[PDB]
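Structure first, commentary second.
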There are 2 protein chains.
Amino acid sequence: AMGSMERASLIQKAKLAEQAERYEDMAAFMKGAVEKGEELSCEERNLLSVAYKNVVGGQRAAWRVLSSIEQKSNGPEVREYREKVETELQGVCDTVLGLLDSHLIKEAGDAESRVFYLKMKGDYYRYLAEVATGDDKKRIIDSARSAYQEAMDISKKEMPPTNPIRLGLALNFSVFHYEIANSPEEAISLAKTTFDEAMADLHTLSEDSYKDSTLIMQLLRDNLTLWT
Amino acid sequence: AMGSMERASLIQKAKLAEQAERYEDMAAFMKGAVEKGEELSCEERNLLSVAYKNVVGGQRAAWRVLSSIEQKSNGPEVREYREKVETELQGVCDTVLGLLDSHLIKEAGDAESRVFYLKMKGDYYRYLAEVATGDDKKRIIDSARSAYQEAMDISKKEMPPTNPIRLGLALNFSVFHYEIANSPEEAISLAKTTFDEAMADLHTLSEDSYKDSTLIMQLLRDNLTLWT
Ligand SMILES: COc1cccc(NC(=O)COc2ccccc2P(=O)(O)O)c1
Ligand SMILES: COc1cccc(NC(=O)COc2ccccc2P(=O)(O)O)c1
Ligand SMILES: [Cl-]
Ligand SMILES: [Cl-]
Ligand SMILES: [Cl-]
Ligand SMILES: [Cl-]
Ligand SMILES: [Mg+2]
Ligand SMILES: [Mg+2]
Ligand SMILES: [Mg+2]
Ligand SMILES: [Mg+2]
Ligand SMILES: [Mg+2]
Ligand SMILES: [Mg+2]
Ligand SMILES: [Mg+2]
Ligand SMILES: [Mg+2]
């Protein structure tokens, strides 16, 4: 439905929607921008990610509330409404994954863009895994793992240990190991090694880069504190 | 779209949606419940009001952000996106006003229900007035005034000065005078008289009623502090 709007106007409106805290609109504008077919700049990739993380975030928070109520109840209403929210969440994840597959990842040749999009792919499969059951569920978990792993492999070859996309990827992959893969030791090892190798590279940074990197290192530290 | 769901299940889901902070869903469930044609109980009237106040609240907050950006800008994008949000806000207000006219107010014979719905009518015309321009605009302002006035007339005849619906009505009508009607003296007089007559009636209240009433009296006091 954004086919008739200029790419530049979609980006401008996404920024307005962010100011207005209208994240559903923000996501729809950025989906429209991606669907123009051109690669996205760093700033535009960040608008895409912020929009969808806020949308899916509201859904995941609601799903958690409902799932809790349902499990303590264990008529059809709680299950029905949890399933409604679950389906809408699945739809948003499928939308994002669709944008990544058609055709953001395939056209992403620079490490910053390719790692960004593979991290996003890992994150949205991870959100699908949170609500998935059984077997179907193993293939979803492995899709998340596979995307994160490819991103990690590129990030380790092509980016310094303090790069904020590399740090955020490692942070989220550690969360995947702790929360999804039942691998708390792998989570803790990854968060530890990532933190230590970033610390050793801080000396190479300007003041502003240092602020960017240490912000994410503090999130790694927060998890490690929660996990140990 | 809620025609096939049981009234009781719509109410139950509205309560779940409130826990989940899913206010759009909450409003749609309560719209469905109203459309069953039966009068609403006190608790159900409160669910209706909470749902729509949160929905329109998000819209009014966004509209304010956008209007500010637009007026400081004064391409078409800011105006266009402010108009989009404005139209959606107008639609929600029209929806609420429609439920009140078809047929909540006409079937409301008790003072608690009739005052509640006439206050709501004043509030949603007030939200339309916030975004309205010119003349069209005078009739909207007078519709809000007229609804609030009828509610006030009934409330003064039928409810004690500490009743929380009477207090909330007076609070909102004072806000209408200050923000919409350019009548700050009327706003201040109304808030003052309402506060003083409630204070004089507190002695008649139980501990829990006292807590309910004094909460709203503090909002009147907060406005008076802001306005004087
Ligand atoms: C963004 O809104 C929500 C809703 C529900 C859960 C969360 N996530 C959290 O509270 C913590 O999640 C993380 C912590 C470190 C890295 C990544 C995440 P995640 O949100 O699971 O991508 C966020
Ligand atoms: C509920 O979300 C919003 C969004 C934008 C504005 C507001 N309202 C306010 O900040 C203060 O408004 C009032 C104060 C006292 C009584 C009534 C109101 P109102 O929200 O204008 O019905 C609320
Ligand atoms: Cl449902
Ligand atoms: Cl490529
Ligand atoms: Cl628009
Ligand atoms: Cl009647
Ligand atoms: Mg063009
Ligand atoms: Mg399901
Ligand atoms: Mg390329
Ligand atoms: Mg490099
Ligand atoms: Mg029935
Ligand atoms: Mg308009
Ligand atoms: Mg009746
Ligand atoms: Mg009475």
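Simple scheme: letters A, B, ... for chains in structure tokens order, numbers from 1 for residues in each chain, numbers from 1 for ligands in the order shown.
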
Subject >> chain B residues near chain A (8 Å cut-off, only C-alpha atoms) as a PyMOL selection string >> reply: chain B and resi 9+12-13+16+19-22+61-63+65-66+77-78+81

Resulting file, chosen residues, N, CA, C and O atoms, as a CSV table (one decimal), in the first residue's frame:
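Writing done, so here's part_21.csv:
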```csv
chain,number,residue,atom,x,y,z
B,9,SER,N,-17.6,-13.4,26.5
B,9,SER,CA,-16.3,-13.7,26.0
B,9,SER,C,-15.6,-12.4,25.6
B,9,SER,O,-14.4,-12.2,25.8
B,12,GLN,N,-14.5,-10.7,28.8
B,12,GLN,CA,-13.4,-11.4,29.4
B,12,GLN,C,-12.1,-11.0,28.6
B,12,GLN,O,-11.0,-10.7,29.1
B,13,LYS,N,-12.2,-11.1,27.2
B,13,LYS,CA,-11.0,-10.7,26.4
B,13,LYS,C,-10.6,-9.2,26.5
B,13,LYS,O,-9.4,-8.9,26.5
B,16,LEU,N,-8.5,-9.2,29.5
B,16,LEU,CA,-7.1,-9.8,29.2
B,16,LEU,C,-6.3,-8.7,28.4
B,16,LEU,O,-5.1,-8.5,28.7
B,19,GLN,N,-4.8,-6.2,30.6
B,19,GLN,CA,-3.6,-6.7,31.3
B,19,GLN,C,-2.3,-6.7,30.4
B,19,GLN,O,-1.2,-6.6,30.8
B,20,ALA,N,-2.6,-7.0,29.1
B,20,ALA,CA,-1.6,-7.2,28.1
B,20,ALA,C,-1.2,-5.8,27.5
B,20,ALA,O,-0.3,-5.8,26.6
B,21,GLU,N,-1.9,-4.8,27.9
B,21,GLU,CA,-1.7,-3.4,27.4
B,21,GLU,C,-2.0,-3.3,25.9
B,21,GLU,O,-1.3,-2.6,25.1
B,22,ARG,N,-3.0,-4.1,25.4
B,22,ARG,CA,-3.3,-4.2,24.1
B,22,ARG,C,-4.6,-3.4,23.9
B,22,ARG,O,-5.7,-3.9,23.8
B,61,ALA,N,-1.3,12.2,21.4
B,61,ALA,CA,0.1,12.4,21.7
B,61,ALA,C,0.8,12.5,20.4
B,61,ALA,O,1.7,13.4,20.2
B,62,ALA,N,0.5,11.6,19.5
B,62,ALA,CA,1.2,11.6,18.2
B,62,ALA,C,0.9,12.9,17.4
B,62,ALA,O,1.8,13.5,16.8
B,63,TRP,N,-0.4,13.2,17.4
B,63,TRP,CA,-0.9,14.4,16.7
B,63,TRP,C,-0.2,15.7,17.2
B,63,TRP,O,0.2,16.5,16.4
B,65,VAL,N,2.8,15.9,18.6
B,65,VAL,CA,4.2,15.8,18.2
B,65,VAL,C,4.3,16.3,16.7
B,65,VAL,O,5.1,17.2,16.4
B,66,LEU,N,3.4,15.8,15.9
B,66,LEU,CA,3.4,16.1,14.5
B,66,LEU,C,3.0,17.6,14.2
B,66,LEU,O,3.7,18.2,13.3
B,77,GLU,N,5.3,16.3,3.3
B,77,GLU,CA,5.2,15.0,4.1
B,77,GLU,C,4.8,15.2,5.5
B,77,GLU,O,4.0,14.4,6.0
B,78,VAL,N,5.2,16.3,6.2
B,78,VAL,CA,4.8,16.5,7.6
B,78,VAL,C,3.3,16.7,7.7
B,78,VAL,O,2.6,16.1,8.5
B,81,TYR,N,1.4,13.4,6.9
B,81,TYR,CA,1.4,12.4,8.0
B,81,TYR,C,0.6,12.9,9.2
B,81,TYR,O,-0.1,12.1,9.8
```

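Residues in contact with ligand 8 (atom pairs separated by at most 7 Å; only C-alpha atoms and all ligand atoms) are residues 83, 86 and 87 of chain A.
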
Restrict the selected residues to N, CA, C and O atoms and save them as a tab-separated table (two decimals), in the first residue's frame.
```
chain	number	residue	atom	x	y	z
A	83	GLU	N	-3.56	-17.17	21.25
A	83	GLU	CA	-3.36	-17.58	19.85
A	83	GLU	C	-3.51	-16.41	18.87
A	83	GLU	O	-2.78	-16.34	17.91
A	86	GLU	N	-0.38	-14.38	19.21
A	86	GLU	CA	0.65	-15.25	18.62
A	86	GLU	C	0.66	-15.23	17.08
A	86	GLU	O	1.70	-15.11	16.43
A	87	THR	N	-0.51	-15.30	16.47
A	87	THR	CA	-0.59	-15.30	15.02
A	87	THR	C	-0.16	-13.95	14.44
A	87	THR	O	0.49	-13.90	13.37
```

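Distances to ligand 13 were evaluated for B:43, B:103, B:129, B:147 using only C-alpha atoms and all ligand atoms, and the minimum falls at B:103.
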
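With distances taken over only C-alpha atoms and all ligand atoms, B:156 is the one residue among B:45, B:156, B:79, B:203 lying closest to ligand 14.
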
Please find the residues contacting ligand 1 at a distance of at most 9 Å between atoms, with only C-alpha atoms and all ligand atoms counted, and report them as a PDB file with C-alpha atoms, in the first residue's frame.
```pdb
ATOM      1  CA  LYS A  53      11.777  -4.299  17.162  1.00  0.00           C
ATOM      2  CA  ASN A  54       9.215  -1.973  18.742  1.00  0.00           C
ATOM      3  CA  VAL A  55       6.292  -3.618  16.940  1.00  0.00           C
ATOM      4  CA  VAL A  56       7.305  -7.183  17.724  1.00  0.00           C
ATOM      5  CA  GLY A  57       8.343  -6.036  21.211  1.00  0.00           C
ATOM      6  CA  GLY A  58       4.808  -4.942  22.082  1.00  0.00           C
ATOM      7  CA  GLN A  59       3.528  -8.306  20.721  1.00  0.00           C
ATOM      8  CA  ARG A  60       6.090 -10.374  22.676  1.00  0.00           C
ATOM      9  CA  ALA A  61       5.273  -8.494  25.912  1.00  0.00           C
ATOM     10  CA  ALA A  62       1.563  -9.146  25.386  1.00  0.00           C
ATOM     11  CA  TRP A  63       2.140 -12.775  24.474  1.00  0.00           C
ATOM     12  CA  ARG A  64       4.125 -13.250  27.689  1.00  0.00           C
ATOM     13  CA  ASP A 123      16.465 -12.321  15.793  1.00  0.00           C
ATOM     14  CA  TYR A 124      13.127 -12.871  13.940  1.00  0.00           C
ATOM     15  CA  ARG A 126      14.348 -16.383  17.529  1.00  0.00           C
ATOM     16  CA  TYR A 127      11.041 -14.581  18.128  1.00  0.00           C
ATOM     17  CA  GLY A 168      24.950  -6.464  19.272  1.00  0.00           C
ATOM     18  CA  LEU A 169      25.060  -9.626  17.239  1.00  0.00           C
ATOM     19  CA  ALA A 170      27.128 -11.360  19.912  1.00  0.00           C
ATOM     20  CA  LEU A 171      24.820 -10.087  22.643  1.00  0.00           C
ATOM     21  CA  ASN A 172      21.724 -11.442  20.838  1.00  0.00           C
ATOM     22  CA  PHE A 173      23.329 -14.730  19.923  1.00  0.00           C
ATOM     23  CA  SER A 174      24.259 -15.186  23.617  1.00  0.00           C
ATOM     24  CA  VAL A 175      20.594 -14.551  24.486  1.00  0.00           C
ATOM     25  CA  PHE A 176      19.612 -17.114  21.853  1.00  0.00           C
ATOM     26  CA  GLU A 179      16.892 -18.592  26.336  1.00  0.00           C
ATOM     27  CA  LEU A 219      24.547  -4.986  28.198  1.00  0.00           C
ATOM     28  CA  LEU A 220      26.859  -8.017  27.899  1.00  0.00           C
ATOM     29  CA  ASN A 223      23.568 -10.487  31.149  1.00  0.00           C
TER      30      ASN A 223
END
```

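For the atom pair formed by CA of residue 36 (chain A) and CA of residue 145 (chain A), the distance is 29.4 Å, given to one decimal.
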